[PDB]
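First, one chain by itself in structure tokens, the form deposited without adenosine-5'-diphosphate.
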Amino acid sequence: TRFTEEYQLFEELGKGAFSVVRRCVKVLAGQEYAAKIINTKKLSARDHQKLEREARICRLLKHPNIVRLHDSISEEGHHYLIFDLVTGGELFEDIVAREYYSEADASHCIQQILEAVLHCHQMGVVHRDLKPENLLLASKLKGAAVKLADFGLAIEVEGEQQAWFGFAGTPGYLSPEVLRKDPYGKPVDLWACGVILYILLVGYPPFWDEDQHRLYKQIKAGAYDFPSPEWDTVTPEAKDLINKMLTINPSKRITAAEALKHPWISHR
């Protein structure tokens, strides 16, 4: 139907579960995109819902630090998602490669992540799954935009509505309120931002334990610290921002707007 009529397929850029990503061109526009081609026949009822909600939620977001979903087409047994062409790979991969970021690079990175999160929150969306694996670099070039991706676990919220939206996310980045089965909302994204920022600076997470029971106990207790000597030379304002993000009471936790006005960021 409309995908074949408007888009021209080029080379494979990546593969997922029941999905291939190819470079494509909107023929009449002459602009290149990443076309995610999904075999809908292979998807479970659960997977179908997550595709539907991803297609709806990503499409209502428009921000330079969010991977833009330009189009969503359903044909005979194939779903097509047209995204921004992003060739820099995952923030996760860049952190593994570089080991850690300078305060200047960490601040620049988290600034772009908070702008993306602020946009989501203003548009009435909670991502629920912020992690370096779900953040992509626009290109290989230094200073290339960081873009938020994979809205498969994203929810719509009405203003400052708190509700039990279910147990969802990535263990290491899960907020205390989700672990506590509490009604939750926008703040869960800011906790994940704290975990990401911690990782950016020293290249290991504030909460890790092979024993998940211990891991979840530590998160709920806010039992993180700044080990020596790596943290000894990190500025107090950097640690202050992490502390305000890793606040176990989501009501007392710094917002995306507030975080962007923090001395260590100063973007708003």
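Position 1 is the first residue in the sequence shown; the rest follow in order.
190-198 set against 136-144, stretch whose average Cα temperature factor tops the other in the entry:
Averaging CA B-factors over each stretch, the winner is 136-144.
Residue stretch of maximal mean CA temperature factor, 42-50 vs 233-241
The stretch with the larger average C-alpha B-factor is 42-50.
Using the entry's values, work out which of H213, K220, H63, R59 has the largest Cα B factor.
If I rank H213, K220, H63, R59 by C-alpha B-factor, first place goes to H213.
Among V178, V157, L153, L118, single out the one with the highest C-alpha B factor in the record, please.
That would be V157, according to the entry.
Chain third (lowest, middle, highest) by recorded CA B-factor, residue given as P227
Middle third by C-alpha B-factor.
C24, C-alpha B-factor rank within chain (lowest, middle or highest third)
Tercile = middle for this residue's CA B-factor.
Taking the values exactly as deposited, rank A97 by C-alpha B-factor within its chain and report the matching third: lowest, middle or highest.
For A97, whose C-alpha B-factor we compare with every modelled residue in the chain, the answer is the highest third.
In terms of the CA temperature factor given in the entry, to which third of its chain does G124 belong: lowest, middle or highest?
For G124, the deposited C-alpha B-factor lands in the lowest third.
For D105, return the chain-relative third of its C-alpha B-factor as stated in the PDB record: lowest, middle or highest.
For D105, whose C-alpha B-factor we compare with every modelled residue in the chain, the answer is the middle third.
One more form of this protein should be noted, the form deposited with adenosine-5'-diphosphate bound, which is absent from this view; the next part is about it.
Given that adenosine-5'-diphosphate is left out here, which of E115, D150, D94, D71 has a heavy atom within 4.5 Å of it in the entry with it bound?
The residue from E115, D150, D94, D71 that makes the contact is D150.
Go through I242, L200, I219, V67 and name the one with a heavy atom inside 4.5 Å of adenosine-5'-diphosphate in the entry with it bound.
It is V67.
Closest heavy atom of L9 to adenosine-5'-diphosphate in the entry with it bound, within 4.5 Å or not?
Flag for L9 set to no.
Residue contact check: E103 to adenosine-5'-diphosphate in the entry with it bound, 4.5 Å heavy atom
Close contact is absent here: in the entry with it bound, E103 is far from adenosine-5'-diphosphate, nothing within 4.5 Å, heavy atoms only.
Is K252 near adenosine-5'-diphosphate? Define near as a heavy atom within 4.5 Å, in the entry with it bound.
Heavy-atom contact with adenosine-5'-diphosphate at 4.5 Å: absent for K252.
Can you tell me whether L136 touches adenosine-5'-diphosphate? I mean in the entry with it bound, with a 4.5 angstroms heavy atom cut-off.
So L136 counts as contacting adenosine-5'-diphosphate.
Site test, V126, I155 and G159 vs adenosine-5'-diphosphate in the entry with it bound, non-hydrogen atom cutoff 4.5 Å:
Not one of the three qualifies.
Given the stretches 116-124, 76-84, 192-200, 94-102, which is the single one in contact with adenosine-5'-diphosphate in the entry with it bound, using a heavy atom cutoff of 4.5 Å?
Selected range: 76-84.
Can you tell me which residues in 5-30 come within 4.5 angstroms of adenosine-5'-diphosphate in the entry with it bound, by heavy atoms?
Those in contact are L13, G14, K15, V21.
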